[PDB]
Amino acid sequence: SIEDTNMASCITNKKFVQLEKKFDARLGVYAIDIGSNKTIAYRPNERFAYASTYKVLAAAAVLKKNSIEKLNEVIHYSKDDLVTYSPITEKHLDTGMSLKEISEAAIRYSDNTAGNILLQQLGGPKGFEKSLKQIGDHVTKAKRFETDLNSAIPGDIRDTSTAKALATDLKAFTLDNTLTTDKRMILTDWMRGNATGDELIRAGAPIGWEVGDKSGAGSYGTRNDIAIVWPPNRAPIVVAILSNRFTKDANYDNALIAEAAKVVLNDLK
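Residues numbered from 1 in each chain as written, not as in the entry; some residues may be left out. Heavy atoms only, no water.

In this structure, what is going on with unusual backbone geometry? I would like to understand it.
Most peptide bonds take the trans configuration, and most residues that are not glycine carry a negative phi. Here the amide bond leading from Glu 146 into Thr 147 is cis, since omega sits at 0°, within 30 degrees of zero. Considering the arrangement of structural elements, one finds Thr 147 in the loop between α6 (124-134) and β6 (160-161). One non-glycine residue, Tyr 220, lies in positive phi territory at about 50°. Tracing the chain through its elements places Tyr 220 in the loop between β7 (210-217) and β8 (223-230). (Helix = DSSP H or I, 4+ residues; strand = E, 2+ residues; numbered from the N terminus.)

It is not clear to me how the nonpolar core should be interpreted in this structure. Could you clarify?
Among the nonpolar cores identified, the biggest contains 46 residues, and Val 56, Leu 57, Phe 128, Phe 173 and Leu 187 are the most heavily contacted of them. Broken down by element, this core gets its largest block of residues, nine residues, from helix α2 (residues 54-65). Not counting chain neighbours up to four residues away, the residues in contact with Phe 173 comprise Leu 57, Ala 60, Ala 61, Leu 132, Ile 135, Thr 178, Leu 179, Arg 184 and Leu 187. (Core = buried A, V, L, I, M, F, W, Y, C linked by side-chain atoms within 4.5 Å. Buried < 20%, exposed > 50% of the residue type's maximum accessible area, 1.4 Å probe, protein only. Contact = heavy atoms within 4.5 Å.)

How should the packing of aromatic side chains be read in this particular structure?
Two numbers describe a pair of aromatic rings. These are the distance of the centres and the angle of the planes. Applying the stated rule across the entire model yields three aromatic pairs. On the basis of an interplanar angle of 55° and a centroid distance of 5.9 Å, the ring pair of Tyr 50 and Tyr 54 is categorised as tilted. For the pair shown, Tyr 50 and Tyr 54 are each scored as buried. Taken together, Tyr 50, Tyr 54 and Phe 128 form an aromatic cluster joined through their ring pairs. Here the guanidinium or amino end of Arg 26 rests over the ring plane of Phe 48, the centre of that ring lying 3.7 Å away. (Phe/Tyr/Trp six-rings, centres within 6.5 Å; stacked < 30°, edge-to-face > 60°. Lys NZ or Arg CZ within 6 Å of the ring centre and 35° of its normal.)

Got a minute to help me understand the pairing of β8 in this structure?
Consecutive side chains along a regular strand alternate between the two faces of the sheet. Counting buried residues along β8, seven of its eight residues qualify, which places the element largely inside the surrounding structure. Hairpin connection of β7 to β8: five residues between the antiparallel strands, including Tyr 220 at a positive phi of 50°. The turn linking β8 back onto strand β9 (residues 237-244) is made up of six residues, and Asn 233 within it adopts a positive phi angle of 60°. (Pairing = 2+ DSSP bridges.)

Would you take a moment to explain the pairing of strand β2 (residues 39-42) for this structure?
Residues of β2 alternate between two faces, with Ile 40 and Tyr 42 buried on one and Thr 39 and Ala 41 left unburied on the opposite face. Pairing analysis gives four bridges linking strand β1 (residues 26-33) to β2, with the strands arranged antiparallel. Considered in β2, the bridge of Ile 32 is made with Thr 39. Where β1 folds back onto β2 in an antiparallel hairpin, the turn is made up of five residues, including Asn 37, whose phi is positive at roughly 65°.

Looking at this structure, I do not really get the layout of surface pockets. What am I missing?
Summary: where empty space remains is shown by rolling a probe the size of a single water molecule over the atoms. Roughly 330 Å³ of internal volume is contained in the largest pocket. As for the largest pocket, its lining consists of 21 residues, of which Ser 52, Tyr 85, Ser 110, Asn 112 and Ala 217 are closest to the centre. For the lining of the largest pocket, the leading source of residues is β7, giving four residues. Each residue belonging to the lining of the largest pocket can be placed in one class, and the counts come to five nonpolar, 11 polar and five charged. (1 Å grid on protein atoms, 1.4 Å probe; cavity = no way out; pocket = protein on both sides within 12 Å on 5 of 7 lines; lining within 4 Å. Points joined across faces, edges and corners; volume = space filled by probe spheres on them. Nonpolar A, V, L, I, M, F, W, Y, C, P; charged D, E, K, R; others polar.)

Teacher, can you tell me more about the packing of helix α1 (residues 2-23) against helix α9 (residues 254-267) here?
Close contact between α1 and α9 brings their axes to 10 Å; oriented N to C, the two are set at 175°. The angle between the axes of α1 and α9 places the two elements in the roughly antiparallel class. Here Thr 12, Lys 15, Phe 16, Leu 19 and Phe 23 of α1 come into contact with α9, specifically with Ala 255, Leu 256, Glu 259, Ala 260, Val 263, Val 264 and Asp 267. Partitioning the contact of α1 with α9 into residue classes produces eight nonpolar, one polar and three charged. (Axes fitted to C-alpha atoms, helices over the stretch in contact; angles between N-to-C directions. Parallel < 35°, antiparallel > 145°, perpendicular 65-115°, else oblique.)

Next comes the structure, spelled out in structure tokens:
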């Protein structure tokens, strides 16, 4: 069957090649079926800017590092801390917000000030990178805050990872024995049912399959989605799909991510 599997990989691979051509993009894919350890991989080790997908990993590291009581302490940030696109944190400027509330705002709405506060809580981008090293991720390189970290310049290693590294990290926090039971369930629920994921991996999932995701978007047409996918009566599937285009102001097309996800989920089916 070794001949049989590799021809299946060649066929799956050609679909990703055709998507890159159709959408004028570069695509990175890594998916693992937690029940069989089967994987799908396309440029799995090539670097992409992770953009807002880090927010779920930074929230997870904050959960791992901090007690329940600490995670409920109110953080009194100021108007000076608000960066572009802070729809939740800008509402609660008078009241302040807890690390738990900040984590939920970052994941559900991709609030950028929320993301910065999580990065700060971990010691800045370098401390966030150190938190990922502690779960065995020596690939991800974190350097800048929002919104500069979205610049996604060709060849630039700052604020980049790979589809394999991001998927493996997401698996580590949501499915492996890294967080306490309560923290793993809280983090997973934050990923469920958010409109920012509607046109991405969720749009490529078969009928009846639930998707919990964290989306990303940046310059050079960068458009990412990392997710846990729950098929009926099956073990979870962890999926990272990263992409970009080739000019600074290029427009992404969410359908590239959805069509890539259809390939992944139909071939892990």
